[PDB]
file model30.tsv (TSV, N, CA and C atoms)
chain	number	residue	atom	x	y	z
A	346	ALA	N	109.38	88.45	84.56
A	346	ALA	CA	108.19	89.07	83.99
A	346	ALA	C	107.01	88.13	84.14
A	347	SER	N	105.81	88.70	84.00
A	347	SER	CA	104.58	87.95	83.81
A	347	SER	C	104.14	88.13	82.37
A	348	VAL	N	103.78	87.04	81.71
A	348	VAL	CA	103.68	87.03	80.24
A	348	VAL	C	102.26	87.47	79.89
A	349	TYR	N	102.05	88.79	79.93
A	349	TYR	CA	100.92	89.41	79.25
A	349	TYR	C	101.25	90.73	78.59
A	350	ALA	N	102.29	91.43	79.03
A	350	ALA	CA	102.72	92.71	78.46
A	350	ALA	C	104.24	92.70	78.30
A	351	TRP	N	104.75	91.63	77.68
A	351	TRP	CA	106.19	91.37	77.67
A	351	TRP	C	106.97	92.56	77.13
A	352	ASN	N	108.08	92.86	77.79
A	352	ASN	CA	108.92	93.99	77.42
A	352	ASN	C	109.98	93.55	76.41
A	353	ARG	N	110.83	94.49	76.02
A	353	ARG	CA	111.93	94.23	75.08
A	353	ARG	C	113.17	94.94	75.61
A	354	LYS	N	114.03	94.19	76.30
A	354	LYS	CA	115.26	94.76	76.83
A	354	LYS	C	116.28	94.94	75.71
A	355	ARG	N	116.27	96.12	75.08
A	355	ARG	CA	117.18	96.41	73.99
A	355	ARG	C	118.59	96.62	74.54
A	356	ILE	N	119.53	95.79	74.10
A	356	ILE	CA	120.92	95.91	74.51
A	356	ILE	C	121.57	97.03	73.70
A	357	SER	N	122.12	98.02	74.41
A	357	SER	CA	122.60	99.25	73.78
A	357	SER	C	123.98	99.01	73.17
A	358	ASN	N	124.63	100.09	72.74
A	358	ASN	CA	125.99	100.00	72.21
A	358	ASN	C	126.96	99.68	73.34
A	359	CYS	N	127.43	98.43	73.26
A	359	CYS	CA	128.36	97.90	74.29
A	359	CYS	C	129.11	96.70	73.69
A	360	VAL	N	129.56	95.76	74.53
A	360	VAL	CA	130.26	94.54	74.05
A	360	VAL	C	129.71	93.37	74.86
A	361	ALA	N	129.15	92.35	74.22
A	361	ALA	CA	128.45	91.28	74.97
A	361	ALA	C	129.25	89.98	75.06
A	362	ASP	N	130.43	90.01	75.67
A	362	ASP	CA	131.28	88.83	75.84
A	362	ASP	C	130.35	87.66	76.15
A	363	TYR	N	129.93	86.95	75.10
A	363	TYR	CA	128.99	85.85	75.27
A	363	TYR	C	129.59	84.73	76.12
A	364	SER	N	130.91	84.57	76.09
A	364	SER	CA	131.56	83.56	76.91
A	364	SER	C	131.38	83.85	78.40
A	365	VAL	N	131.24	85.12	78.77
A	365	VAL	CA	130.97	85.46	80.16
A	365	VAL	C	129.62	84.90	80.60
A	366	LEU	N	128.60	85.03	79.74
A	366	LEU	CA	127.30	84.45	80.04
A	366	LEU	C	127.36	82.93	80.09
A	367	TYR	N	128.21	82.32	79.26
A	367	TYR	CA	128.37	80.87	79.27
A	367	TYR	C	129.23	80.39	80.44
A	368	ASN	N	129.92	81.29	81.13
A	368	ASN	CA	130.72	80.93	82.29
A	368	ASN	C	129.94	80.99	83.59
A	369	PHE	N	128.69	81.45	83.56
A	369	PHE	CA	127.91	81.60	84.79
A	369	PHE	C	127.28	80.28	85.22
A	370	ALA	N	126.41	79.72	84.38
A	370	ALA	CA	125.68	78.51	84.72
A	370	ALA	C	125.38	77.73	83.45
A	371	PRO	N	125.20	76.42	83.55
A	371	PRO	CA	124.81	75.64	82.37
A	371	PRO	C	123.44	76.06	81.85
A	372	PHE	N	123.25	75.90	80.55
A	372	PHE	CA	122.01	76.26	79.88
A	372	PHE	C	121.20	75.01	79.56
A	373	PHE	N	119.88	75.17	79.49
A	373	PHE	CA	118.97	74.05	79.31
A	373	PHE	C	118.55	73.88	77.85
A	374	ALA	N	117.94	74.90	77.26
A	374	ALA	CA	117.50	74.80	75.87
A	374	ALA	C	118.66	75.05	74.91
A	375	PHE	N	119.21	76.27	74.94
A	375	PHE	CA	120.38	76.66	74.15
A	375	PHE	C	120.16	76.43	72.65
A	376	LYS	N	118.90	76.28	72.24
A	376	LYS	CA	118.56	75.94	70.86
A	376	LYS	C	118.36	77.22	70.06
A	377	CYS	N	119.20	77.42	69.05
A	377	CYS	CA	119.19	78.62	68.23
A	377	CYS	C	119.05	78.22	66.77
A	378	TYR	N	117.88	78.49	66.18
A	378	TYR	CA	117.67	78.21	64.76
A	378	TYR	C	118.08	79.40	63.90
A	379	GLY	N	119.28	79.91	64.18
A	379	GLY	CA	119.80	81.07	63.48
A	379	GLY	C	121.31	81.01	63.37
A	380	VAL	N	121.96	82.12	63.73
A	380	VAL	CA	123.41	82.18	63.86
A	380	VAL	C	123.88	81.05	64.78
A	381	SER	N	125.04	80.48	64.49
A	381	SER	CA	125.58	79.40	65.29
A	381	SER	C	125.86	79.89	66.71
A	382	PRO	N	125.29	79.26	67.74
A	382	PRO	CA	125.55	79.73	69.11
A	382	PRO	C	126.84	79.17	69.68
A	383	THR	N	127.86	79.06	68.85
A	383	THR	CA	129.20	78.68	69.29
A	383	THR	C	130.24	79.74	68.96
A	384	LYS	N	130.28	80.19	67.70
A	384	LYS	CA	131.19	81.25	67.28
A	384	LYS	C	130.51	82.62	67.32
A	385	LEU	N	129.89	82.94	68.45
A	385	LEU	CA	129.19	84.21	68.62
A	385	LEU	C	130.12	85.34	69.02
A	386	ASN	N	131.41	85.23	68.70
A	386	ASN	CA	132.41	86.20	69.11
A	386	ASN	C	132.83	87.12	67.97
A	387	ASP	N	133.27	86.56	66.84
A	387	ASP	CA	133.91	87.31	65.78
A	387	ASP	C	132.93	87.81	64.71
A	388	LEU	N	131.65	87.92	65.03
A	388	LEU	CA	130.68	88.57	64.15
A	388	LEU	C	129.95	89.65	64.95
A	389	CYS	N	129.56	90.72	64.27
A	389	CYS	CA	129.05	91.90	64.94
A	389	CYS	C	127.54	92.02	64.76
A	390	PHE	N	126.85	92.28	65.87
A	390	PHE	CA	125.40	92.38	65.91
A	390	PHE	C	125.00	93.85	65.95
A	391	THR	N	124.03	94.22	65.12
A	391	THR	CA	123.59	95.61	65.09
A	391	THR	C	122.76	95.96	66.32
A	392	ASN	N	121.90	95.05	66.76
A	392	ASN	CA	121.05	95.29	67.92
A	392	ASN	C	120.44	93.97	68.37
A	393	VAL	N	120.32	93.80	69.68
A	393	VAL	CA	119.81	92.58	70.29
A	393	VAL	C	118.61	92.94	71.16
A	394	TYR	N	117.57	92.10	71.12
A	394	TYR	CA	116.28	92.41	71.73
A	394	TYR	C	115.78	91.25	72.57
B	395	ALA	N	132.53	51.19	70.80
B	395	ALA	CA	131.69	51.70	71.87
B	395	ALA	C	132.53	52.02	73.10
B	396	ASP	N	132.17	53.10	73.79
B	396	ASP	CA	132.90	53.55	74.96
B	396	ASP	C	131.95	53.73	76.13
B	397	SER	N	132.42	53.38	77.32
B	397	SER	CA	131.63	53.57	78.53
B	397	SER	C	131.50	55.05	78.84
B	398	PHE	N	130.29	55.48	79.19
B	398	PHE	CA	130.00	56.89	79.37
B	398	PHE	C	128.77	57.03	80.26
B	399	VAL	N	128.72	58.14	80.99
B	399	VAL	CA	127.58	58.45	81.86
B	399	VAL	C	127.58	59.95	82.11
B	400	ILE	N	126.40	60.58	81.98
B	400	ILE	CA	126.27	62.02	82.11
B	400	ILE	C	124.85	62.36	82.58
B	401	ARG	N	124.63	63.65	82.84
B	401	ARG	CA	123.41	64.14	83.45
B	401	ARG	C	122.18	63.84	82.59
B	402	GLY	N	121.06	63.59	83.26
B	402	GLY	CA	119.79	63.40	82.57
B	402	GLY	C	119.29	64.65	81.86
B	403	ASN	N	119.77	65.83	82.27
B	403	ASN	CA	119.50	67.03	81.48
B	403	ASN	C	120.31	67.04	80.20
B	404	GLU	N	121.50	66.43	80.22
B	404	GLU	CA	122.39	66.40	79.06
B	404	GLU	C	122.40	65.04	78.36
B	405	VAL	N	121.57	64.09	78.81
B	405	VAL	CA	121.49	62.81	78.11
B	405	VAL	C	120.83	62.98	76.75
B	406	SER	N	119.93	63.95	76.61
B	406	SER	CA	119.34	64.28	75.32
B	406	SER	C	120.23	65.18	74.48
B	407	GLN	N	121.35	65.65	75.04
B	407	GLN	CA	122.28	66.52	74.34
B	407	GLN	C	123.39	65.73	73.65
B	408	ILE	N	123.14	64.46	73.31
B	408	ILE	CA	124.16	63.61	72.72
B	408	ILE	C	124.47	63.97	71.28
B	409	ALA	N	123.66	64.82	70.65
B	409	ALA	CA	123.92	65.23	69.28
B	409	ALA	C	125.20	66.07	69.21
B	410	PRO	N	125.97	65.95	68.11
B	410	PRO	CA	127.20	66.73	67.95
B	410	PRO	C	126.96	68.17	67.52
B	411	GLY	N	126.04	68.84	68.21
B	411	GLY	CA	125.78	70.25	67.96
B	411	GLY	C	125.77	71.06	69.24
B	412	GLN	N	125.65	70.36	70.37
B	412	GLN	CA	125.58	71.00	71.69
B	412	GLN	C	127.01	71.28	72.16
B	413	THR	N	127.57	72.36	71.63
B	413	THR	CA	128.97	72.70	71.89
B	413	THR	C	129.08	73.48	73.19
B	414	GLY	N	129.76	72.90	74.17
B	414	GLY	CA	129.94	73.53	75.46
B	414	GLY	C	130.75	72.69	76.42
B	415	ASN	N	130.29	72.58	77.67
B	415	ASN	CA	130.97	71.74	78.65
B	415	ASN	C	130.98	70.28	78.20
B	416	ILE	N	129.86	69.80	77.66
B	416	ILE	CA	129.78	68.42	77.20
B	416	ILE	C	130.70	68.19	76.00
B	417	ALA	N	130.86	69.20	75.14
B	417	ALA	CA	131.58	69.05	73.89
B	417	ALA	C	133.01	69.58	73.95
B	418	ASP	N	133.19	70.85	74.31
B	418	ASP	CA	134.51	71.46	74.29
B	418	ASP	C	135.40	71.01	75.43
B	419	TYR	N	134.87	70.28	76.41
B	419	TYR	CA	135.67	69.96	77.59
B	419	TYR	C	135.59	68.48	77.95
B	420	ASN	N	134.50	67.81	77.57
B	420	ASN	CA	134.32	66.39	77.89
B	420	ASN	C	134.59	65.49	76.68
B	421	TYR	N	133.85	65.68	75.59
B	421	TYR	CA	134.04	64.90	74.37
B	421	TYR	C	133.30	65.54	73.21
B	422	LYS	N	133.96	65.65	72.06
B	422	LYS	CA	133.38	66.26	70.87
B	422	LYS	C	133.25	65.22	69.77
B	423	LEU	N	132.08	65.19	69.13
B	423	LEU	CA	131.82	64.28	68.02
B	423	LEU	C	131.96	65.01	66.70
B	424	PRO	N	132.74	64.50	65.76
B	424	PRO	CA	132.91	65.20	64.48
B	424	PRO	C	131.62	65.23	63.67
B	425	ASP	N	131.54	66.23	62.79
B	425	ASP	CA	130.36	66.37	61.94
B	425	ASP	C	130.23	65.20	60.97
B	426	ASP	N	131.33	64.82	60.33
B	426	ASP	CA	131.34	63.69	59.40
B	426	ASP	C	131.59	62.42	60.21
B	427	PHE	N	130.55	61.97	60.90
B	427	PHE	CA	130.63	60.83	61.80
B	427	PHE	C	129.42	59.93	61.61
B	428	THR	N	129.66	58.62	61.68
B	428	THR	CA	128.59	57.63	61.67
B	428	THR	C	128.66	56.81	62.95
B	429	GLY	N	127.50	56.54	63.53
B	429	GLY	CA	127.44	55.79	64.77
B	429	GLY	C	126.08	55.92	65.42
B	430	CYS	N	125.89	55.10	66.45
B	430	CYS	CA	124.64	55.05	67.19
B	430	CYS	C	124.87	55.43	68.65
B	431	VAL	N	123.77	55.77	69.33
B	431	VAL	CA	123.78	56.10	70.75
B	431	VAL	C	122.65	55.31	71.41
B	432	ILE	N	122.99	54.56	72.45
B	432	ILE	CA	122.01	53.79	73.21
B	432	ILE	C	122.22	54.06	74.69
B	433	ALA	N	121.15	53.91	75.47
B	433	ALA	CA	121.20	54.19	76.89
B	433	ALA	C	120.05	53.48	77.59
B	434	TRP	N	120.17	53.37	78.92
B	434	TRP	CA	119.11	52.85	79.76
B	434	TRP	C	119.24	53.46	81.15
B	435	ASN	N	118.34	53.05	82.04
B	435	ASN	CA	118.26	53.66	83.36
B	435	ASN	C	119.43	53.25	84.24
B	436	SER	N	120.09	54.23	84.85
B	436	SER	CA	121.19	53.97	85.77
B	436	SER	C	121.15	54.91	86.98
B	437	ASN	N	119.96	55.43	87.31
B	437	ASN	CA	119.85	56.36	88.42
B	437	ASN	C	119.74	55.64	89.76
B	438	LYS	N	118.85	54.64	89.84
B	438	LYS	CA	118.66	53.92	91.10
B	438	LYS	C	119.80	52.96	91.39
B	439	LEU	N	120.40	52.38	90.35
B	439	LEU	CA	121.49	51.43	90.56
B	439	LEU	C	122.70	52.10	91.19
B	440	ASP	N	123.02	53.32	90.76
B	440	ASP	CA	124.16	54.07	91.28
B	440	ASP	C	123.71	55.48	91.62
B	441	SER	N	123.64	55.79	92.91
B	441	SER	CA	123.27	57.12	93.37
B	441	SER	C	123.75	57.29	94.80
B	442	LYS	N	123.87	58.56	95.21
B	442	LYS	CA	124.26	58.91	96.57
B	442	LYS	C	123.29	59.94	97.11
call {"tool": "encode", "arguments": {"input": "model30.tsv", "output": "structure tokens"}}
result
Amino acid sequence: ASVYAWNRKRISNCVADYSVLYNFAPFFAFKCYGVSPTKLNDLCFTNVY
Amino acid sequence: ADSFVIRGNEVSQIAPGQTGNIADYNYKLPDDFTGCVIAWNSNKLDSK
């Protein structure tokens, strides 16, 4: 994107195997001042944006 | 103290919160831990 009219990719009803995203490439920031970005498996998210 | 060397992108990831390849597969630091971390330049001395 170009940052003037930023969109919101709403993730629909599905399953987001976060470990699959962590198996692709190393991450740089990975800084989450919220839910722990390690045990992101056994808790359920209502909607992601 | 233990001998160690890792990426300059992950040299700032020495805190025991960056759980991943550095932590779950290389070395994990416990939460109830006391100790220091020191480092210096080792890029030009050893490189290919």
call {"tool": "residues_around", "arguments": {"input": "model30.tsv", "residues": "region 363-369 of chain A", "least_positions_apart": "3", "cutoff": "8 Å", "atoms": "all atoms listed in the file", "output": "PyMOL selection string"}}
result
chain A and resi 360+372+385-386
call {"tool": "write_last_selection", "arguments": {"input": "model30.tsv", "atoms": "N, CA and C atoms", "output": "PDB file, keeping the file's coordinate frame"}}
result
ATOM      1  N   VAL A 360     129.560  95.760  74.530  1.00  0.00           N
ATOM      2  CA  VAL A 360     130.260  94.540  74.050  1.00  0.00           C
ATOM      3  C   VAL A 360     129.710  93.370  74.860  1.00  0.00           C
ATOM      4  N   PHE A 372     123.250  75.900  80.550  1.00  0.00           N
ATOM      5  CA  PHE A 372     122.010  76.260  79.880  1.00  0.00           C
ATOM      6  C   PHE A 372     121.200  75.010  79.560  1.00  0.00           C
ATOM      7  N   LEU A 385     129.890  82.940  68.450  1.00  0.00           N
ATOM      8  CA  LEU A 385     129.190  84.210  68.620  1.00  0.00           C
ATOM      9  C   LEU A 385     130.120  85.340  69.020  1.00  0.00           C
ATOM     10  N   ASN A 386     131.410  85.230  68.700  1.00  0.00           N
ATOM     11  CA  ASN A 386     132.410  86.200  69.110  1.00  0.00           C
ATOM     12  C   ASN A 386     132.830  87.120  67.970  1.00  0.00           C
TER      13      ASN A 386
END
call {"tool": "interface_residues", "arguments": {"input": "model30.tsv", "of": "chain A", "to": "chain B", "cutoff": "9 Å", "atoms": "only C-alpha atoms", "output": "list in words"}}
result
residues 367, 371, 373, 375, 376, 382 and 383 of chain A
call {"tool": "residues_around", "arguments": {"input": "model30.tsv", "residues": "residue 354 (chain A)", "least_positions_apart": "4", "cutoff": "12 Å", "atoms": "only C-alpha atoms", "output": "ChimeraX atom specification"}}
result
/A:346,392-394
call {"tool": "atom_distance", "arguments": {"input": "model30.tsv", "atom1": "CA of residue 390 (chain A)", "atom2": "CA of residue 358 (chain A)"}}
result
9.9 Å
call {"tool": "atom_distance", "arguments": {"input": "model30.tsv", "atom1": "atom N of residue 427 (chain B)", "atom2": "atom C of residue 406 (chain B)"}}
result
17.4 Å
call {"tool": "select_by_dssp", "arguments": {"input": "model30.tsv", "residues": "region 396-440 of chain B", "states": "helix (DSSP H, G or I)", "output": "PyMOL selection string"}}
result
chain B and resi 405-407+415-420
call {"tool": "atom_distance", "arguments": {"input": "model30.tsv", "atom1": "atom C of residue 396 (chain B)", "atom2": "CA of residue 370 (chain A)"}}
result
27.0 Å
call {"tool": "closest_residue", "arguments": {"input": "model30.tsv", "among": "B:437, B:428, B:416, B:423", "to": "residue 402 (chain B)", "atoms": "only C-alpha atoms"}}
result
B:437
call {"tool": "decode", "arguments": {"input": "model30.tsv", "residues": "region 358-385 of chain A", "atoms": "N, CA, C and O atoms", "output": "PDB file, in the first residue's frame"}}
result
ATOM      1  N   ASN A 358     -14.218 -15.352   8.973  1.00  0.00           N
ATOM      2  CA  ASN A 358     -14.316 -16.568   9.769  1.00  0.00           C
ATOM      3  C   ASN A 358     -13.517 -17.681   9.104  1.00  0.00           C
ATOM      4  O   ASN A 358     -13.854 -18.135   8.006  1.00  0.00           O
ATOM      5  N   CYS A 359     -12.399 -17.976   9.782  1.00  0.00           N
ATOM      6  CA  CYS A 359     -11.460 -19.006   9.285  1.00  0.00           C
ATOM      7  C   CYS A 359     -10.602 -19.498  10.458  1.00  0.00           C
ATOM      8  O   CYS A 359     -11.093 -19.459  11.593  1.00  0.00           O
ATOM      9  N   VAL A 360      -9.384 -19.973  10.191  1.00  0.00           N
ATOM     10  CA  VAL A 360      -8.454 -20.431  11.265  1.00  0.00           C
ATOM     11  C   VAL A 360      -7.074 -19.898  10.903  1.00  0.00           C
ATOM     12  O   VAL A 360      -6.617 -20.218   9.794  1.00  0.00           O
ATOM     13  N   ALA A 361      -6.435 -19.116  11.778  1.00  0.00           N
ATOM     14  CA  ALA A 361      -5.172 -18.439  11.389  1.00  0.00           C
ATOM     15  C   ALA A 361      -3.932 -19.083  12.014  1.00  0.00           C
ATOM     16  O   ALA A 361      -3.207 -18.371  12.712  1.00  0.00           O
ATOM     17  N   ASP A 362      -3.664 -20.351  11.709  1.00  0.00           N
ATOM     18  CA  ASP A 362      -2.498 -21.069  12.211  1.00  0.00           C
ATOM     19  C   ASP A 362      -1.337 -20.081  12.224  1.00  0.00           C
ATOM     20  O   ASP A 362      -0.627 -19.930  11.227  1.00  0.00           O
ATOM     21  N   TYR A 363      -1.155 -19.402  13.358  1.00  0.00           N
ATOM     22  CA  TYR A 363      -0.111 -18.386  13.453  1.00  0.00           C
ATOM     23  C   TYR A 363       1.277 -18.988  13.282  1.00  0.00           C
ATOM     24  O   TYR A 363       2.191 -18.304  12.807  1.00  0.00           O
ATOM     25  N   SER A 364       1.453 -20.258  13.657  1.00  0.00           N
ATOM     26  CA  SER A 364       2.740 -20.917  13.469  1.00  0.00           C
ATOM     27  C   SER A 364       3.099 -21.043  11.994  1.00  0.00           C
ATOM     28  O   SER A 364       4.286 -21.078  11.649  1.00  0.00           O
ATOM     29  N   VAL A 365       2.097 -21.117  11.114  1.00  0.00           N
ATOM     30  CA  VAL A 365       2.371 -21.143   9.681  1.00  0.00           C
ATOM     31  C   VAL A 365       3.020 -19.837   9.241  1.00  0.00           C
ATOM     32  O   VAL A 365       3.984 -19.834   8.465  1.00  0.00           O
ATOM     33  N   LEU A 366       2.507 -18.706   9.733  1.00  0.00           N
ATOM     34  CA  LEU A 366       3.123 -17.419   9.426  1.00  0.00           C
ATOM     35  C   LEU A 366       4.520 -17.308  10.021  1.00  0.00           C
ATOM     36  O   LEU A 366       5.396 -16.670   9.427  1.00  0.00           O
ATOM     37  N   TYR A 367       4.750 -17.918  11.185  1.00  0.00           N
ATOM     38  CA  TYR A 367       6.073 -17.909  11.794  1.00  0.00           C
ATOM     39  C   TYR A 367       7.031 -18.895  11.140  1.00  0.00           C
ATOM     40  O   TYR A 367       8.237 -18.827  11.400  1.00  0.00           O
ATOM     41  N   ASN A 368       6.528 -19.804  10.307  1.00  0.00           N
ATOM     42  CA  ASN A 368       7.372 -20.749   9.588  1.00  0.00           C
ATOM     43  C   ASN A 368       7.843 -20.222   8.239  1.00  0.00           C
ATOM     44  O   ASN A 368       8.644 -20.890   7.577  1.00  0.00           O
ATOM     45  N   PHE A 369       7.371 -19.047   7.818  1.00  0.00           N
ATOM     46  CA  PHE A 369       7.727 -18.530   6.501  1.00  0.00           C
ATOM     47  C   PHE A 369       9.084 -17.830   6.521  1.00  0.00           C
ATOM     48  O   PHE A 369      10.018 -18.245   5.828  1.00  0.00           O
ATOM     49  N   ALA A 370       9.207 -16.767   7.312  1.00  0.00           N
ATOM     50  CA  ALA A 370      10.427 -15.975   7.348  1.00  0.00           C
ATOM     51  C   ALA A 370      10.586 -15.365   8.730  1.00  0.00           C
ATOM     52  O   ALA A 370       9.589 -15.182   9.440  1.00  0.00           O
ATOM     53  N   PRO A 371      11.812 -15.050   9.142  1.00  0.00           N
ATOM     54  CA  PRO A 371      12.004 -14.362  10.424  1.00  0.00           C
ATOM     55  C   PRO A 371      11.366 -12.982  10.422  1.00  0.00           C
ATOM     56  O   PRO A 371      11.248 -12.324   9.385  1.00  0.00           O
ATOM     57  N   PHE A 372      10.950 -12.550  11.607  1.00  0.00           N
ATOM     58  CA  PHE A 372      10.301 -11.261  11.791  1.00  0.00           C
ATOM     59  C   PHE A 372      11.275 -10.266  12.414  1.00  0.00           C
ATOM     60  O   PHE A 372      12.202 -10.645  13.136  1.00  0.00           O
ATOM     61  N   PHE A 373      11.056  -8.982  12.127  1.00  0.00           N
ATOM     62  CA  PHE A 373      11.965  -7.925  12.554  1.00  0.00           C
ATOM     63  C   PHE A 373      11.495  -7.234  13.830  1.00  0.00           C
ATOM     64  O   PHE A 373      12.214  -7.219  14.833  1.00  0.00           O
ATOM     65  N   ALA A 374      10.292  -6.658  13.811  1.00  0.00           N
ATOM     66  CA  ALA A 374       9.787  -5.971  14.995  1.00  0.00           C
ATOM     67  C   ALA A 374       9.188  -6.960  15.986  1.00  0.00           C
ATOM     68  O   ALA A 374       9.682  -7.106  17.110  1.00  0.00           O
ATOM     69  N   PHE A 375       8.117  -7.647  15.583  1.00  0.00           N
ATOM     70  CA  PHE A 375       7.468  -8.691  16.376  1.00  0.00           C
ATOM     71  C   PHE A 375       7.029  -8.178  17.749  1.00  0.00           C
ATOM     72  O   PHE A 375       6.736  -8.965  18.653  1.00  0.00           O
ATOM     73  N   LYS A 376       6.956  -6.858  17.915  1.00  0.00           N
ATOM     74  CA  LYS A 376       6.671  -6.243  19.205  1.00  0.00           C
ATOM     75  C   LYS A 376       5.167  -6.053  19.352  1.00  0.00           C
ATOM     76  O   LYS A 376       4.545  -5.323  18.572  1.00  0.00           O
ATOM     77  N   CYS A 377       4.584  -6.716  20.349  1.00  0.00           N
ATOM     78  CA  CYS A 377       3.144  -6.707  20.584  1.00  0.00           C
ATOM     79  C   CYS A 377       2.886  -6.260  22.016  1.00  0.00           C
ATOM     80  O   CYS A 377       3.155  -7.009  22.961  1.00  0.00           O
ATOM     81  N   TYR A 378       2.362  -5.047  22.182  1.00  0.00           N
ATOM     82  CA  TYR A 378       2.009  -4.552  23.513  1.00  0.00           C
ATOM     83  C   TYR A 378       0.580  -4.941  23.878  1.00  0.00           C
ATOM     84  O   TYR A 378      -0.222  -4.127  24.333  1.00  0.00           O
ATOM     85  N   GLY A 379       0.265  -6.216  23.675  1.00  0.00           N
ATOM     86  CA  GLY A 379      -1.058  -6.742  23.942  1.00  0.00           C
ATOM     87  C   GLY A 379      -1.004  -8.191  24.372  1.00  0.00           C
ATOM     88  O   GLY A 379      -0.241  -8.554  25.272  1.00  0.00           O
ATOM     89  N   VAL A 380      -1.832  -9.020  23.741  1.00  0.00           N
ATOM     90  CA  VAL A 380      -1.786 -10.468  23.912  1.00  0.00           C
ATOM     91  C   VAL A 380      -0.365 -10.955  23.649  1.00  0.00           C
ATOM     92  O   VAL A 380       0.347 -10.404  22.801  1.00  0.00           O
ATOM     93  N   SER A 381       0.064 -11.972  24.386  1.00  0.00           N
ATOM     94  CA  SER A 381       1.406 -12.514  24.226  1.00  0.00           C
ATOM     95  C   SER A 381       1.572 -13.100  22.829  1.00  0.00           C
ATOM     96  O   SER A 381       0.793 -13.984  22.442  1.00  0.00           O
ATOM     97  N   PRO A 382       2.556 -12.651  22.047  1.00  0.00           N
ATOM     98  CA  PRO A 382       2.719 -13.198  20.695  1.00  0.00           C
ATOM     99  C   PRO A 382       3.511 -14.496  20.685  1.00  0.00           C
ATOM    100  O   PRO A 382       4.312 -14.737  19.777  1.00  0.00           O
ATOM    101  N   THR A 383       3.290 -15.339  21.690  1.00  0.00           N
ATOM    102  CA  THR A 383       3.862 -16.678  21.730  1.00  0.00           C
ATOM    103  C   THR A 383       2.795 -17.756  21.819  1.00  0.00           C
ATOM    104  O   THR A 383       2.819 -18.716  21.039  1.00  0.00           O
ATOM    105  N   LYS A 384       1.856 -17.625  22.753  1.00  0.00           N
ATOM    106  CA  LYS A 384       0.746 -18.565  22.889  1.00  0.00           C
ATOM    107  C   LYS A 384      -0.494 -18.067  22.155  1.00  0.00           C
ATOM    108  O   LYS A 384      -1.588 -18.016  22.714  1.00  0.00           O
ATOM    109  N   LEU A 385      -0.333 -17.703  20.883  1.00  0.00           N
ATOM    110  CA  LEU A 385      -1.431 -17.197  20.074  1.00  0.00           C
ATOM    111  C   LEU A 385      -2.258 -18.312  19.451  1.00  0.00           C
ATOM    112  O   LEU A 385      -2.903 -18.096  18.419  1.00  0.00           O
TER     113      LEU A 385
END
